[PDB]
Structures are given as C-alpha cells and as structure tokens.
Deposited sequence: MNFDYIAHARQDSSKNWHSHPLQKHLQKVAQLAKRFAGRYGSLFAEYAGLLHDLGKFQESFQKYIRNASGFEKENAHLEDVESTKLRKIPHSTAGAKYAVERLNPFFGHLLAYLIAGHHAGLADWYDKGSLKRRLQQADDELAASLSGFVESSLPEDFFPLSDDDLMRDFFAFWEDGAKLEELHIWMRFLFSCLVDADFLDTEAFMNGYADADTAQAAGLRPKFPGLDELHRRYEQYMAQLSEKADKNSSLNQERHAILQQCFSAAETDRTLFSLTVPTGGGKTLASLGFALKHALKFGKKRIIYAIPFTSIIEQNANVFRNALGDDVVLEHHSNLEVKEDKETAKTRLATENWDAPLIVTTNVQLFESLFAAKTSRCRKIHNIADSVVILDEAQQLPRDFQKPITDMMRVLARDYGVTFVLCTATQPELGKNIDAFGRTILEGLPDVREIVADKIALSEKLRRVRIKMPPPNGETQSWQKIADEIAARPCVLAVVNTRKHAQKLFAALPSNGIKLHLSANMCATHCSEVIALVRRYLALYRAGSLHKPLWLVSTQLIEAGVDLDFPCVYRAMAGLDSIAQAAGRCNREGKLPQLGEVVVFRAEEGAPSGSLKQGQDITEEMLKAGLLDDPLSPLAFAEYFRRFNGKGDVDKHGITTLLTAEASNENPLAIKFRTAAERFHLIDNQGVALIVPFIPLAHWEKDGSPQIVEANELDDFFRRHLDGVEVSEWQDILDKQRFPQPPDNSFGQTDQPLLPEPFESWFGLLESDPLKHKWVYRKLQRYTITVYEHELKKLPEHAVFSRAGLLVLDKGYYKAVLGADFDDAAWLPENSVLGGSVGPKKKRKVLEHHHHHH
C-alpha cells in the first residue's frame, strides 16, 4: 500500500509511513494550527500536499532505490517530483483565486514559496503538471481510499475565506495570510514526519510520550521579583523608580490594546518590567507565548540570562543565527531539525523575527504560525533598519490587527529631566499606548561632545586620552575600529576586547572577567588601569558599571545606551564621565550611519548642550523620522498581489525573500572552535553561571595568577578541538536525534560578510561552515 516516507533504524530494519494516514494527520494538525484564521484552507493544503506520492513511479522509487535515496526519496529538491500534483488538482477543482492560492502553498512545501512569473515560477510548474496529476490520480483510484477522500468544496472555502476577510481580501495583505497558512502546513508536515521517525503514530502521540504553562511561569516570575525586592531593599532612589515602573507595567497589562511602548531610564529594569507586563497581559488575553527580539548587534546570551534567572532553564529558547546545512547536505533528518518556536519564551533578534516573517523557505517559515497570538517585545525598536521600516511596520500593523499579536516597543530613551514632548518611536504604526506615563530624579553622568568644526581624532590620540585615565569603557562603531583602538592602547594597563568577531561564549567569558576586575577597582584595589574596548554589542543589555565611558559618535539613542554603562546604578560619589569622540568614519549598517548623521547635524545646530534633555531627544527622533527611504528595496510592491482573469494571483514570494535578505548585508554564519571554560567528565560552564564560576576560582587570588587558573579550566583535549569534535560526530551520525547540538553550536557562531580569503581557512563539516582554529585568536577572535 502507498507510503509517504521510509527510514532505516540502527539495527538496519526498514519502516514506512502510510500515505493515507499522513495526509489525514497533516490536514488535521494544519487545520488546528490555523485556528480561526481560515483553517479550511490549511486543511485542504495538508490533505493535498503529498497527493503526488500516489504516482506508481514514486512508490516504486521509495521501494527500489538505494538506502540513502530511499530515505531521501521525498526530497524533490533524479527524484520523482510530487508536490505539484496537489497544486494542479486544487487549481482544476476550485475557482481560479482559491485554487491558485492553494497551489502556492502545496507546490512550495519543499522548494519554498515561489514567484508566479519569475523565480521558481509557479505558472510554469502548473502549466507542465498534467502528467504528474494524471499519474497521481491513477494511483489514488487504484488505491482503497474512498471517492470523497478529497471533499473539495468552493462554497465551504468561500465561507471560511469571508470569515477571515470580512471585507474581502486586500491585495497588499494577502501574502501575510498565505505565508501563515504555509507555516501551518510545513510545521504540521514536519511534526507528523518526525513522529514517524521516532516510531510514534502521529504528532500528538509523540507529544504525549514526552514546557510549563504561562501561569506557572508567572508564579515563578512573581517569586523572583519578590526575592529581588527583599534581597536588595535599597529603599533608594533607583529602587523606588524601578518599583514605580513595575507598578505601571502591571496596571497597563490589563488594557485591551495591541500596541504599547515602555520608555524608561537606562538601568531602569526594562527587561524584567517588560516580561512582567507581558506575562500578565498574556494571561488576561489568552496569548500563548512571549517573544523578546533585540537588535542584531547584541549578545543574545546576556539578555537571555535575565529570563533564565527569573524563570528557570526549561522555558527559555534562545535563537538568533541561521545554522542551515548547505543544500547539498540536506537530508530528511536535517530538514526536520528546523526551529518552530513552540517554546513559551523566545529570545531572538529582530532580524531573525522579521526576516522569518518575510521568508519563502520552509526552514524560516516553519515558526511563523506560532507568532500569531503572542506578545512580541521589540527592544529599541527605533533601531530597526530604516530602509526596511515600511514593510516591517506594515507587517506589524497587520499582525497586531488581524493575528492577535501584541507589540511592546521597549526603549531606554527616557530623557533626563521639560518633558513637554512626546516621541514617535516608529513612524509607521497606529497609535501606541505608553505604559509609563506617570512622572517623577538625580543625574548620573556628565557628557562631553566632539567639536562642531567636524575635526576627527586619530586612533592614537583617542587611545592617549583613554590611557590617561584609570578605568574606561570605550565603545566604537565597527570591529576594525575595535582592533585599531585596542592596538593603539599602551601595554602598561589591563586591556580587553569585545566585538562580533568573537562568539557568544568568548564574549560572555570576557564580560565575567571584566566584572572581576571592576569589583577590585571599586574597592580601590586594582593595581593597573583598566581599559575595555568594545563595539555597540555592549550597549544592548550588558549590565556593566564604569566610571568613565568613551563613545564613538553615533545616534543619540546609542549615546544614551552607552551612558547607561557609566555610573549605571548612580552609586558613585561623583558623576560619571562620558566622552563622545569623533574618529575615523564607519558604521555596521546604513541605519546606524543615519543616526550618526542626525547627531552631527544636531551638534552643528547647537542642540546638544544637554544631550539627554527632553528637547534633545524630541529633536533627534523628529530629524531621524524625517530622513531615509522607508522602502528602499521595493518590498511592498514585490509582495502586493496582482490579480486578473489570465493570472488569478501573482505574488513575488521568492524574489521578495531574497531581497529582504539584505536587511543585514547578507550575513553568513560561521562556527568557531573556541575551547570554552569548563568544570569537573568535563562540563562547560552554563552561560548564567559564569559570574559565580569566576568568583569561585579567582576571589582571594592575586591578579598576577588569574590567567593561569583560568587556563587550567579550559575544556580538556584528547591525548577539531574536543567538544566540537564530539558534537560534529553526533551531527554526522543522526542530526535529528542529536539536533540539540545545533542549539549548542549557536554559542560558537559569528557572522561575517559574504564578501570576505584563504583556501583552507574555512571548511565544511556536517553541512555547516567552520573556521580553522588558526584563524581565531584568543583576544580578537576572527578578522
């Protein structure tokens, strides 16, 4: 009888997945995921997606080919194509609009959603599909299944369609709906197949064989907040303000609205307050999960640790980079190991989030349906790339209005107090409710700006200014700038280096070491000056407190975030010293260059005598929102649907997805074999335990010995370096059974530019790109 998949277990026996069962299960699970959002369309797509496997040629292939080809016989990427039979059947048995709509989902369920005319042209595939359809229907008739196994009804689709589109379909919003249904199809297909791979009858069965609910998470959060309150009852200025913010968040959580903002002072508890708002709001309005998306130029780990401490290990899913195998190493198992964000708390970048929302491929689109009915927290949303701000805010508008999503725009840009101005965080959204509107104290820093005449300082001159000072955090705008400044510093200090040339784990270890030095510094007990050279990745969620911060010229919000690491708690008996300098030009994205330009023009307008003032912030956001092309790459008209009697439904999914890939200048992921610190069977130190680790091995020890102690705790090697070698072998044996390795490798990835080039510098392994250890240095990372 007809099968959908075949697999071979480690004892070399063969198991097969019955086709009829898989079609029914995928239909039902897709309809379940699609919920109230026109689920009949998803059901039909699940029912039809594998119709082409009824071809006798397909069943013959899956029974007669080699072991590897039999296990990968459904990966059409010669294989026997099967995805387009069900697409053609939909077109033939339904009206033009519904039929072609479904054809997009069904025919893309392996290759990704296509363009109509151009890339992967769905028009050509349909015009060439008569044989595949006829053979599939032959097979289906030959089989046992009842005549009405495919009960395709225009009228029922009409009713479901108009239930979702009360006013008919908007040609410019149609792609969001089709991508959502495509997500339902893909996630249900993959989950059912993964059930089969583990021997279970269906996805529900595997689920019941073996995540706390948001109620338990909320109770944990309350326990954690209460012990934070008791543990450090400062009864201080800062604790008072944090309390006021938390109370306003808890109050605003009851409001029946979809767009909120949370504007607080730096060090004001932005993350924990946003999480409390989100938990309570989610419980009151039936949101199913919380998504926390931070700027791409961040250390995700450092933000995620707050959530890990508040709510425990098993709840937080950390997902930033794309660890995709190259197409040539895609197998059935790697295909199934993709992320669907079914976890209740997700920590991610806004690039991962919105590039998934605009994607064509199944690996990126799988997670999409789990975003509906969620709370999404955008940390510093105003830094979303300006040139994509129109599609992104259009996306957000639709998701908030029609798909149950709540957005909270968090920013630490509350001005230093005459607060007679509001701000528009994102120029394109409907009205956004500000959570902290109750007002009212003491200054924390003094800020110095570069000269209006526009002159720049050499790296040596800036290093000389820094080296004249006992303790400085210096923040620069690019990795090369970090290298040049670090090199320029003298060798009589303790100097350290952070940039995105370093993997997360390396960064977190440097951060913990800096904490130890700082604790010594604050007791008057560090015998060398302390200089940390970092990029902007430190301003996004790293909690460090320096007495002096040097900041390269940048947008006023970036300057405020930098000052947030200078006398952060307001505990020092003198104001912090913040020096904004103008060096060699540079910036990692056109949007950050735009911020720099706005700050320069404000400086030339004499508006920055008090750079954190209400006047300064209002002027910065008005000028920023007056500048830049908000859809530079034409996303909106690429994804706007064109209809006609000849071409019922034309959308450029494939071209749009590829064009959106420029949101980060085509970032390519790269795995780096940085040997981590571990403790004794060697176990790598958990990311939120590093601080305790450094205290246990270093407290009471002279600084002159620290390095040797640290070097002794590196992950032990055998008599690629070890953890990596075992990990890659685990991926090679069975990447779905050991898919957890993928998540581990996320801490040892950096992203570089497709532009940059030695021959064996980079190799491939387990389908993933890896850098040879010779090219990754202990201080600077890669180059």
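Novice: Got a list of the deposited-sequence ranges with no coordinates?
Specialist: 1-3, 81-86, 220-223, 431-433, 457-460, 701-704, 744-754, 792-794, 822-854 are the stretches of the deposited chain that have no C-alpha coordinates in the structure.
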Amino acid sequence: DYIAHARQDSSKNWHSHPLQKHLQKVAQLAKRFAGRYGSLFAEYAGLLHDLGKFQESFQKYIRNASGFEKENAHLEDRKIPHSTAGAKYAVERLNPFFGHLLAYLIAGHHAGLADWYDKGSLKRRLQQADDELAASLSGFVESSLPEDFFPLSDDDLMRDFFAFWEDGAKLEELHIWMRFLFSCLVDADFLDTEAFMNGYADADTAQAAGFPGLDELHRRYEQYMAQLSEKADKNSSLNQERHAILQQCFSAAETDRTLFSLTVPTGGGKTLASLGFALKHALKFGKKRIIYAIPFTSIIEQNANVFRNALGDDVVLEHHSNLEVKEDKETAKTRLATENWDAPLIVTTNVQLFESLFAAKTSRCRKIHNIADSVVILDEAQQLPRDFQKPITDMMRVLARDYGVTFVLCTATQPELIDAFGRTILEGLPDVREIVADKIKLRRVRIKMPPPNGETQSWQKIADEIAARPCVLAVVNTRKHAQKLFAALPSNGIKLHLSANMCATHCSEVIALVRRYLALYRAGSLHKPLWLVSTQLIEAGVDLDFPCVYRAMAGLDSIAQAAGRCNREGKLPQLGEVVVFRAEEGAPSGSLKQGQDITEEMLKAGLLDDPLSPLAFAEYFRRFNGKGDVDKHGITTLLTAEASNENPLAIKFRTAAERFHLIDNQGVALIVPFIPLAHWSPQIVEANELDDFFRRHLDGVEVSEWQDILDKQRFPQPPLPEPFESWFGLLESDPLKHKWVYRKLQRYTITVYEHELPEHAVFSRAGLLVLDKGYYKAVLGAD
From here on, numbers count along this sequence of modelled residues.
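Novice: With reference to the PDB entry, specify whether the mean Cα temperature factor is higher for 447-455 or for 174-182.
Specialist: The stretch with the larger average C-alpha B-factor is 447-455.
Novice: On mean Cα temperature factor in this entry, is 217-225 or 633-641 the higher one?
Specialist: According to the entry, 217-225 carries the higher average C-alpha B-factor.
Novice: Can you tell me which of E434, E465, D314, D189 has the maximum CA B-factor listed in the PDB entry?
Specialist: Reading the PDB entry, the winner on C-alpha B-factor is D314.
Novice: Select one of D557, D202, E327, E600: the residue whose C-alpha shows the highest B-factor in the crystal structure entry.
Specialist: That would be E327.
Novice: For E318, return the chain-relative third of its C-alpha B-factor as stated in the PDB record: lowest, middle or highest.
Specialist: It falls in the middle third of the chain.
Novice: Ordered by C-alpha B-factor within the chain, which third holds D373? Give me lowest, middle or highest, please.
Specialist: It belongs to the lowest third of the chain when residues are ordered by C-alpha B-factor.
Novice: Quick check on the deposited entry: does the C-alpha B-factor of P146 sit in the lowest, middle or highest third of its chain?
Specialist: Top third by C-alpha B-factor.
Novice: Would you check the entry's CA temperature factor for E380 and let me know if it's in the chain's lowest, middle or highest third?
Specialist: As the PDB entry reports it, the C-alpha B-factor of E380 lands in the middle third of its chain.
Novice: For the chain shown, is the CA B-factor of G38 in the lowest, middle or highest third of its modelled residues?
Specialist: Middle third, going by the recorded CA B-factors of the chain.
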